[PDB]
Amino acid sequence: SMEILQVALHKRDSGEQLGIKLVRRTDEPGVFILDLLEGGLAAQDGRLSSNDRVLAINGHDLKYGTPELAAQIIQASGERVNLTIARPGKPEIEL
């Protein structure tokens, strides 16, 4: 299964970073979050997580995106930044 969630953040100046690490993988399409930076915008919000997939930013489609593209969108963004995420696969397992 997977969970779709929407995160809204707010930059406090045009030039603020979100505090997010984005990567691509050679094995499946899309951009993913690798980790959040300590004390950053994304961490404080407390809603994004490692291995989340970014499906969209500001209604722009990134399901087949690159990390350059997402940066482009966020560096151009106004002060509000809405993320649409896919979170994959069971956080508790006994094995």
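All residue numbers refer to positions in the sequence shown, first residue = 1.
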For the higher mean C-alpha B factor in the entry, choose 43-51 or 64-72. 64-72
Stretch with the greater mean C-alpha B-factor as recorded in the entry, comparing 26-34 against 55-63: 26-34
Name the third of the chain's ranked CA B-factors that contains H10, choosing lowest, middle or highest. middle
Where does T84 sit by CA temperature factor within its chain: lowest, middle or highest third? lowest
